[PDB]
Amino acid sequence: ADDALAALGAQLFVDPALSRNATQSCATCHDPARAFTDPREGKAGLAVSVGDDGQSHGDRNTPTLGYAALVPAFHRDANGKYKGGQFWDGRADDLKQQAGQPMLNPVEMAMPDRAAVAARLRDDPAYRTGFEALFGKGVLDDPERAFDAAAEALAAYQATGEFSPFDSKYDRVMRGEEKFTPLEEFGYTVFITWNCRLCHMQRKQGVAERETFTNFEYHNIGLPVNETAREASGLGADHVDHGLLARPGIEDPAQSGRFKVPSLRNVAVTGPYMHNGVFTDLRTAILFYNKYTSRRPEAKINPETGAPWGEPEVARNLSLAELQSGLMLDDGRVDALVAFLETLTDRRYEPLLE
């Protein structure tokens, strides 16, 4: 497996032959030049991605694959909190369970079934050689096995150092190799003393080994519907995206509206933000939190629209205990948080920061 398995996934990852009309690969929506996110503009801007048929839009924003391999498999912890998994609603248990889904999703790569996927793999002599070396002769003639093998290779590739290099400025500073600027240093201090650290840090306490700025939990922070993305997805004006409650086997109405806490690594280059891409600018994402703490008029207004944020899509189960922190971020602290979050950019994306 190991090395050879991930090298097979690497080939699969950039291959548009895994989409029905051969227009798209994993890398089309998870573009490695943009921290594994989608630079393409469909009908709702960059908020949601367009599938292989050139017309079907998703209803959620394409997340980075960087650091996804550090997320635990989906589970309920003893304290009753669900954690880990893949997708914004945790409905995949892990990377391996996730990987096959875009291939068969009619709104994404739109392969009709596993048989059609295996037929595509068989067509390419390099896949016959590489899959057979790892999984045995005839693997590609068996659509169940061929499909599972492809998923295994993709997950193995995503678990390589390429996706999770830990070489951001933040990492360099934690290694003692250089210092934060005073503004970054102030941002780090705010981040670790304000409510951000209650969700966007691996651990409740102690020191994390490979910090990825998420506790992998599920929270409803009370986001409004993204009207233009929702129109484009075609799910309908009456649709409600129930987040984690939509995972099969979750039935607890307290999970309605909750989404996985995203890793903030590379956040400065993976706009627009939130599970539905509703805010284009990182400063707006941070200012969103002040709606729960500031009584000033401007706190009620999305600076990108000049209009009120909007009612939450799901106005129940909001994490008010964490969000109603009693303290508002002034512009100085918002500026410092932006500078801090930019230090979470992998070295290879630093040139994108202007």
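In this text, residue numbers run from 1 along the sequence as written. Superpose the two forms; the largest set of C-alphas matching within 1.5 Å is the rigid core.
With each structure aligned by its rigid core, the stretch whose Cα atoms sit farther from this model in 4 other deposited structures of this protein, between 59-67 and 293-301, is 293-301. The PDB entry records a higher mean C-alpha B factor for 124-132 than for its counterpart among 182-190 and 124-132.
The mean Cα B-factor in the deposited entry runs higher for 76-84 than for the other of 192-200 and 76-84. Listed residues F213, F279, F259, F147 were ranked by CA B-factor as deposited; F147 comes out on top. Comparing the C-alpha B-factors of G249, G90, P272, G222 in the entry, the top value falls on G249. When all modelled residues of the chain are sorted by CA temperature factor, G54 is found within the middle third. In the PDB entry, a CA B factor belonging to the lowest third of its chain's modelled residues is recorded for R283. Among the modelled residues of its chain, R34 has a C-alpha B-factor that falls in the lowest third according to the deposited record.
Split the chain's modelled residues into thirds by C-alpha temperature factor. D346 is in the lowest one. When the modelled residues of the chain are ordered by C-alpha B-factor, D167 sits in the middle third.
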